[PDB]
Amino acid sequence: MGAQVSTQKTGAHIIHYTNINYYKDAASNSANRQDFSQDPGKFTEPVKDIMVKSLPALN
Amino acid sequence: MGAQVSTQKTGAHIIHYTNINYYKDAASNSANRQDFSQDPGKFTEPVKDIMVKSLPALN
Amino acid sequence: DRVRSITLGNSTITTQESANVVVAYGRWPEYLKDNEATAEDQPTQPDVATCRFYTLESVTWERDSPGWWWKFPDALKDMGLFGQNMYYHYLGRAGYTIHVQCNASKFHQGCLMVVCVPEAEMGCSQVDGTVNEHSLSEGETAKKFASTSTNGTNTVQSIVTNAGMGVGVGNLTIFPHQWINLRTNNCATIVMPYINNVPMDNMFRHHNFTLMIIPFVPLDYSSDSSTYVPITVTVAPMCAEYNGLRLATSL
Amino acid sequence: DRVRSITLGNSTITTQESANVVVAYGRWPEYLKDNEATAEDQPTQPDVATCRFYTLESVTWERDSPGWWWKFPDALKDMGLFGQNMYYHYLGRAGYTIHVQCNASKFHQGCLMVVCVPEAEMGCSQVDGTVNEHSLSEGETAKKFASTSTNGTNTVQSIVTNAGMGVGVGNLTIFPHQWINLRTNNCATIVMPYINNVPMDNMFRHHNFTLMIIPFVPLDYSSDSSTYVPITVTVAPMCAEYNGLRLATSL
Amino acid sequence: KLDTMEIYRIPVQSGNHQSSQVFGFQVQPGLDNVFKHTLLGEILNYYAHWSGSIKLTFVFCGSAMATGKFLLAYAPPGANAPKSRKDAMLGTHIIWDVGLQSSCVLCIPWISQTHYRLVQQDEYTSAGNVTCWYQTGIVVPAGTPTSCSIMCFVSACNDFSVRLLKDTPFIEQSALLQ
Amino acid sequence: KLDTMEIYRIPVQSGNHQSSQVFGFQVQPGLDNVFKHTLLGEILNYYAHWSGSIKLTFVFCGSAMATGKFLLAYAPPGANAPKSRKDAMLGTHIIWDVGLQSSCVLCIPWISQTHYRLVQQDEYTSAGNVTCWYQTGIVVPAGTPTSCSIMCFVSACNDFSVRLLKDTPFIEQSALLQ
Amino acid sequence: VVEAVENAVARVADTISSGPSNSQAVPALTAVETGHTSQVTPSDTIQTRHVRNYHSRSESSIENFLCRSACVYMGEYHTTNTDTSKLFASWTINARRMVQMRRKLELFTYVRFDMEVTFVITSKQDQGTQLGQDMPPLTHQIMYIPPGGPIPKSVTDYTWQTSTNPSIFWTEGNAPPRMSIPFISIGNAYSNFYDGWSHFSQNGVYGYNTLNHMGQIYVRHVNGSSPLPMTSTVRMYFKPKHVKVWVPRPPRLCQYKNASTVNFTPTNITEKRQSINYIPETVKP
Amino acid sequence: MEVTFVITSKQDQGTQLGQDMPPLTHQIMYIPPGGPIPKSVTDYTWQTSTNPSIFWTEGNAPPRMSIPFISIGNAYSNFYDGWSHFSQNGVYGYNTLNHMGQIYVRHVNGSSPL
Amino acid sequence: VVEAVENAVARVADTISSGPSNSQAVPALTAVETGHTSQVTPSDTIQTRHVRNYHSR
Ligand SMILES: CCCCCCCCCCCCC/C=C/[C@H](O)[C@H](N)CO
Ligand SMILES: CCCCCCCCCCCCC/C=C/[C@H](O)[C@H](N)CO
């Protein structure tokens with residue numbers, strides 16, 4: 001029946017849930033809360049020549 | 001559909017139930033009523049040297 | 001079976017009339033590990049300069065004695081390098097070995113209860129009032145219970161039957177404890193791990209546990225036996241750790 | 001080639017204009033081992049709470065400055081847990097990293113010598129007299145050389161050409177040393193191992209080494225350049241060990 | 001100075017000023033006036049809990065002929081703030097030498113008894129202080145200015161996180177159409 | 001004695017006191033004043049039904065030179081409580097000899113026509129009584145106290161259980177903020 | 001048919017153990033003039049222990065940061081009146097009148113998402129000397145009009161036929177109405193800032209109001225009733241989902257002035273303290 | 001936790017009774033520490049842009065929602081034998097550690113001649 | 001997809017049959033001073049029949 005089973009948010013130191021889509025448009029679907037990606041170098045390291053961080057910056 | 005089938009509470013001297021999770025967070029799940037473990041020795045026998053109970057305690 | 005020896009650092013305790021040893025909840029002290037740590041700086045571990053027996057002051061067990069208590073830590077803040085490390089750091093962690101001593105002849109009689117109570121929050125003898133720090137602890141000197149209800153400002157309600165906490169004293173056996181029965185043994189020994197809801201804590205702000213000593217059967221003797229019978233406490237920290245070095249604080 | 005970083009404990013030093021590092025006699029600090037030990041009790045090793053950089057007070061390098069010296073240890077007896085461990089033990093052992101800083105513009109000129117002298121026994125300015133402890137050291141404050149011969153009771157004969165020891169100052173290069181030439185570099189760094197004739201010693205009774213800072217070429221500048229030029233010292237102990245725990249001594 | 005660029009500049013100068021402290025402030029990244037309107041503080045003020053290490057970068061903007069060394073120190077909480085270079089010397093510190101590389105980084109590491117501190121910090125979740133002192137002093141040749149300035153940048157490290165969303169107290173209105 | 005430690009101490013002494021009973025009480029672990037504020041009674045008062053065996057431990061706190069023997073007896077219900085050692089001798093009993101081991105355990109076994117008894121016990125779910133008598137007597141040498149005390153502990157065995165949760169009658173209030 | 005989908009949680013980096021060091025590597029010396037932020041950690045500058053860090057950056061993702069309902073409009077309308085225009089409410093759609101949602105959205109230059117729209121409607125008996133009646137439950141009509149549609153003139157206008165416009169009818173006492181709206185813009189993303197004009201001669205309308213153009217909302221009572229006057233209030237709530245944003249910006253410092261412009265009054269950088277060295281004493285007896 | 005609310009209403013005693021009110025609606029808002037506090041029943045803070053709120057109408061089933069474990073520690077503490085200030089004074093005991101926000105509740109109709 | 005989860009019920013201990021005895025084993029003599037609670041059952045002190053106990057905690 002086109003069900004999806006995925007894991008729930010838990011802690012660290014029976015845990016999954018099921019979902020069905022009812023509507024014909026994807027703009028009716030619930031929010032996408034479980035996607036956690038990053039790419040910080042876009043803003044923190046926007047330079048042409050790579051800087052090693054153990055070497056001096058200049059010279 | 002990620003269903004779970006487990007046994008019901010009955011007596012001693014057709015007996016199982018099904019469950020589906022609907023929400024994305026595990027803090028939304030129902031209570032965990034069917035787990036029965038014990039470790040009484042933590043409070044009743046907290047001694048370093050084991051006491052046999054057929055032998056005298058001292059000497 | 002009744003003889004015991006305990007060695008820690010450069011200190012050693014012997015005894016010839018012991019019962020057994022109580023490991024608080026079956027858990028021995030241990031250092032904090034990586035999958036349970038939050039503070040990031042590398043910690044110091046002195047390891048023989050702090051983990052050794054310190055002896056406090058004695059009390060006199062009289063025919064009418066209600067009992068005594070101490071607060072840990074802050075009973076050891078003036079004990080050598082353990083106290084000095086407490087003064088200079090923000091975070092500390094340690095377990096303990098406690099040893100209580102009281103000897104008497106085969107013609108005396110009496111019974112003491114020795115109990116360790118984690119997070120022993122106490123009440124004031126004025127219902128709409130609060131306690132002062134002096135009323136909870138006098139350092140290496142013991143505070144004293146009463147036999148009747150108490151009055152006074154900022155002082156703890158210290159009638160011995162309610163143990164300063166609003167419970168029935170005869171139930172204190174839910175905690176780690178031993179008994180000293182004068183006909184049976186002459187010392188008690190309790191090993192206590194670090195017990196908190198966070199991995200480390202500040203050693204001046206928070207009292208981790210209270211040691212209580214309560215006579216249930218009063219001391220009694222006959223014609224010309226010895227009258228002076230003292231009780232002595234000796235405590236040694238174990239697996240001591242400190243984080244957050246800065247300038248020394250002052251009370 | 002000129003940039004350097006040094007990390008110890010929770011402290012870090014950077015520099016952009018260094019020359020090199022001097023390892024006193026090619027020997028790095030290290031702990032005492034078993035085939036060279038005499039004292040029997042297990043020692044304490046705090047290891048991050050003591051082995052870190054402490055910064056002393058600065059001095060002002062004027063156009064007429066003869067020089068400065070410090071005594072080690074006893075310049076660090078009030079520095080946190082290192083000092084507290086010094087107070088409570090009979091025997092101690094440690095090496096050091098010393099770092100001297102002095103920056104100026106490309107329009108100033110001057111030249112300083114930075115030298116470490118083991119067992120710098122000093123003489124009195126009265127030939128048939130002896131020195132007081134105050135005349136040898138003021139803790140974290142530097143003592144000052146003179147440019148002429150000195151007088152006074154119990155004070156050190158401190159004319160800079162004889163270095164307080166009856167030698168020619170231009171020969172002090174036999175010891176571990178560096179130079180700070182204001183046109184070349186702005187800092188000096190010396191790593192010093194434990195140097196004694198016994199494996200451990202008491203840290204109050206015995207000065208292990210003296211740090212001397214002597215300008216050979218005086219500070220000079222022109223019309224409206226900056227007049228205030230300070231010098232700063234920073235020292236970190238390494239591989240620190242203590243034996244013989246007892247009650248705290250008092251001076 | 002609240003409406004001028006001088007609010008960003010820390011002043012230093014030559015001569016004997018070893019006894020004078022350069023600057024000092026509390027480590028309260030979401031509450032103290034020094035930090036609450038920077039990018040990091042602005043992000044934190046949407047949340048209730050924070051955790052992680054912090055980076056402070058210091059840049060020297062004097063002429064190419066000025067030299068000097070500074071001591072940058074951080075003290076965990078439990079005592080009052082140091083009043084002299086000797087006391088601050090006992091904390092976590094770095095000695096910065098001004099040279100062809102113009103920038104030094106002091107890292108404040110996460111030393112705490114709890115996993116998280118409150119963005120609205122109180123006595124219980126305090127974190128300590130930062131101070132700066134002259135290690136040697138500023139020396140210059142003739143024909144150069146004698147006063148100079150230093151600037152300071154803040155950012156978060158790669159172990160940093162926040163939680164417990166809330167509304168911010170920095171924006172408001174009295175009626176609609178605003 | 002309701003506010004003193006003497007409430008916990010049972011008195012005994014030397015001489016001819018064979019006719020005097022030492023103590024006696026009903027077995028009502030959740031209702032009788034003797035048992036309702038101990039740990040076991042406190043747990044039971046949150047429930048309506050209980051079942052299982054009970055342990056009573058007795059410890060002798062006299063000087064190391066006192067000797068004696070006691071008879072500890074338990075009588076199931078159906079008759080009135082015994083008035084002499086001879087009658088109590090016919091029930092379930094143990095003869096305790098005071099020695100280097102200072103503690104004796106009397107176990108009350110589950111003898112009942114129903115599987116459970118009411119925590120709020122009535123005539124129908126009664127369980128009987130416990131009594132203590134001098135089996136020989138207390139003998140001491142010269143120079144020793146002649147009076148002594150005995151203490152008593154209660155706990156539950158490994159066949160014990162409760163059911164039918166309810167609110168407890170030991171806590172109350174007249175208004176909020178309490 | 002069942003299909004398993006695996007979720008990867010992303011926790012933060014651990015700290016590695018580090019000892020003493022004496023070398024030529026200088027991690028602490030940098031140069032900000034390059035435009036580069038230093039990637040140093042505590043392990044480069046001090047001695048550290050090993051820590052296994054389990055914290056997660058889950059609640060600071062854009063989707064979790066933005067997916068929460070927020071009010072964007074409130075309006076009132078009467079059942080009876082002598083003005084003929086106070087019997088229905090109407091407005092032009094945007095998210096610029098309530099400052100919290102506006103400032104939150106304005107941390108980014110461009111945004112794109114779908115919306116979930118909720119309405120909250122309440123009513124009240126107008127104050128008067130003669131009260132007391134027996135009215136049936138009130139019903140409400142909400143109609144959305146894309147640009148170019150005919151505009152209602154009154155509460156009995158033919159335009160309420162809503163043949164092609166979507167409408168909602170609702171009765172008081174039930175759960176609040178709700179519907180979802182897809183990403184509807186002639187561009188590839190919504191624009192929060194526009195530094196340009198509407199006319200090719202560099203004049204006309206400046207800035208935001210050139211690009212939005214997303215229709216109007218009208219709301220009326222359906223009963224056509226009320227011997228005694230009554231008032232209703234409608235409130236609109238927005239929640240974005242399936243979000244993407246581009247080009248972060250510094251957050252707004254000055255207070256907002258109007259909904260058409262970015263105009264402001266000069267404000268200070270922060271608040272003052274006594275001294276550049278001042279730090280209060282907190283450890284005192 | 002699972003949190004449930006039960007809400008009831010009543011006509012105040014008076015000499016003149018009798019009216020025709022529509023069903024009453026209620027708003028419940030939770031405020032974590034540091035949030036702005038409402039001053040009245042028409043304060044802007046009831047916009048609840050980021051705070052979670054519940055709206056409810058009389059006659060329906062009682063409202064309900066679930067809350068996860070929210071504490072800066074590893075567990076909730078029921079007893080705390082310590083102080084709030086590093087000089088061993090200030091606030092004693094439990095009130096040092098809890099700090100879990102406030103709850104505000106109002107009518108939504110803004111109504112009631114009587 | 002269905003997934004079976006098995007629940008284990010934990011009932012209390014049975015009592016074992018026991019007859020007369022005359023020996024040196026003394027289960028009834030203890031020492032509370034140790035801090036230890038005695039783990040004796042009725043079968044150590046009296047004669048008992050065998051019971052299969054079905055009660056659950
Ligand atoms: C019958 C009831 C229908 C309700 C109609 C609601 C439609 C609302 C208009 C759709 C466009 C809203 C999407 C967001 C608009 C702006 O781009 C954003 N606030 C940011 O620019
Ligand atoms: C919009 C309605 C939201 C309702 C908000 C209810 C939140 C209640 C606060 C959450 C924390 C409650 C958890 C228990 C608190 C204490 O730790 C325990 N009572 C024991 O200490």
Side-chain angles (χ1 to χ4, degrees), chain A residues 27, chain B residues 27, chain C residues 197, chain E residues 164, chain G residues 66 69-70 72-73 91-98 101-102 104-119 140-147 162 164-170 177-187 189-194 208-209 211-219 234 236-243 245 259, chain H residues 1-5 7 26-33 48 50-56 63-73 75-80 94-95 97-105:
Chain C
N197 60 292
Chain E
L164 188 48
Chain G
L66 280 184
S69 290
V72 294
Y73 187 85
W91 66 95
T92 293
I93 300 171
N94 56 51
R96 281 208 157 209
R97 301 173 180 97
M98 294 279 218
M101 176 68 144
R102 169 173 189 174
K104 188 190 292 199
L105 283 176
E106 275 184 6
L107 310 174
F108 316 96
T109 300
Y110 306 115
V111 300
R112 173 186 173 125
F113 40 70
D114 303 326
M115 295 305 294
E116 174 205 83
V117 176
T118 310
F119 286 90
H140 302 255
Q141 176 173 20
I142 311 168
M143 185 163 60
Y144 164 62
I145 303 172
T162 193
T164 312
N165 302 343
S167 307
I168 296 281
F169 295 85
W170 183 79
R178 168 172 286 174
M179 81 288 310
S180 70
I181 304 295
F183 170 67
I184 56 154
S185 85
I186 59 187
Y190 298 131
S191 189
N192 286 315
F193 302 83
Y194 174 73
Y208 174 87
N209 275 124
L211 268 72
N212 49 344
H213 293 69
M214 290 183 285
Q216 287 160 109
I217 306 284
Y218 283 69
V219 177
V234 58
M236 200 187 201
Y237 298 81
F238 273 7
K239 177 161 76 69
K241 35 174 184 171
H242 319 133
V243 192
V245 300
Chain H
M1 295 305 294
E2 174 205 83
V3 176
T4 310
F5 286 90
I7 302 189
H26 302 255
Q27 176 173 20
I28 311 168
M29 185 163 60
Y30 164 62
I31 303 172
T48 193
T50 312
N51 302 343
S53 307
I54 296 281
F55 295 85
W56 183 80
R64 168 172 286 174
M65 81 288 310
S66 70
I67 304 295
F69 170 67
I70 56 154
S71 85
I72 59 187
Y76 298 131
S77 189
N78 286 315
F79 302 83
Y80 174 73
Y94 174 87
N95 275 124
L97 268 72
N98 49 344
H99 293 69
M100 290 183 285
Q102 287 160 109
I103 306 284
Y104 283 69
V105 177

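Chain letters run A, B, ... following the sequence lines, proteins first and then strands; every chain starts at 1. Atoms within a ligand are numbered from 1 in the order they appear, just like the ligands themselves.
With a 4.0 Å heavy-atom cut-off, ligand 1 is reached by no atom of G:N94.
Protein heavy atom at the shortest distance from atom 7 (C) of ligand 2 is H:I67 CG1, 4.2 Å. Closest protein heavy atom to atom 19 (N) of ligand 1: G:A95 CB, 3.3 Å. Taking atom 4 (C) of ligand 1 as the reference point, the nearest protein heavy-atom neighbour is G:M179 SD, 3.9 Å. With hydrogens left out, the protein atom closest to atom 21 (O) of ligand 1 is G:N192 OD1, 3.7 Å, a heavy atom. In terms of protein heavy-atom proximity, atom 16 (C) of ligand 1 is nearest to G:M214 CE, 3.7 Å. Counting only heavy atoms of the protein, atom 8 (C) of ligand 1 lies nearest to G:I93 CD1, 3.6 Å.
Considering only residues two or more places apart in sequence or on other chains, G:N94 meets the side-chain hydrogen bond (donor to acceptor under 3.5 Å, both in side chains) condition with G:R97. The side-chain hydrogen bond (donor to acceptor under 3.5 Å, both in side chains) check on G:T162 picks up G:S167, with sequence neighbours excluded.
Proximity of a side-chain donor or acceptor of G:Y190 to a complementary backbone N or O of G:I184 within less than 3.5 Å is detected.
Close approach to G:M115 involves these atoms of ligand 1, each under 4.0 Å from a residue heavy atom: 13 (C). If you number the atoms of ligand 1 from 1 as listed, the ones under 4.0 Å from a heavy atom of G:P166 come out as 1 (C). Under a 4.0 Å criterion applied to the non-hydrogen atoms of H:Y76, ligand 2 contributes the atoms 13 (C), 17 (O), 21 (O). With ligand atoms numbered from 1 in the order given, ligand 1 contributes 10 (C) to contacts under 4.0 Å with heavy atoms of G:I184. Ligand 2 places these atoms under 4.0 Å from at least one heavy atom of H:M1: 13 (C).
Closest to atom 6 (C) of ligand 2 by heavy atom, among H:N98, H:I31, H:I103, H:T48, is H:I103.
Annotation: side chain of G:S69 is in contact with side chain of G:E116 (closest heavy-atom distance under 4.5 Å). With contacts defined as side-chain heavy-atom distances shorter than 4.5 Å, the pair G:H140/G:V234 does not qualify. A heavy-atom distance below 4.5 Å is not found between the side chains of G:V111 and G:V243.
Closest heavy-atom contact between G:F169 and G:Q141: CZ-NE2, 3.3 Å. Here the closest heavy-atom approach between residue H:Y94 and residue H:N78 is recorded as CD1-O, 4.0 Å.
Taking a distance limit of 4.0 Å, we find that atom 11 (C) of ligand 2 is approached by some protein heavy atom.
For the atom pair OH of G:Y144 and CE of G:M214, the computed distance is 8.0 Å after rounding to the nearest 0.5 Å.
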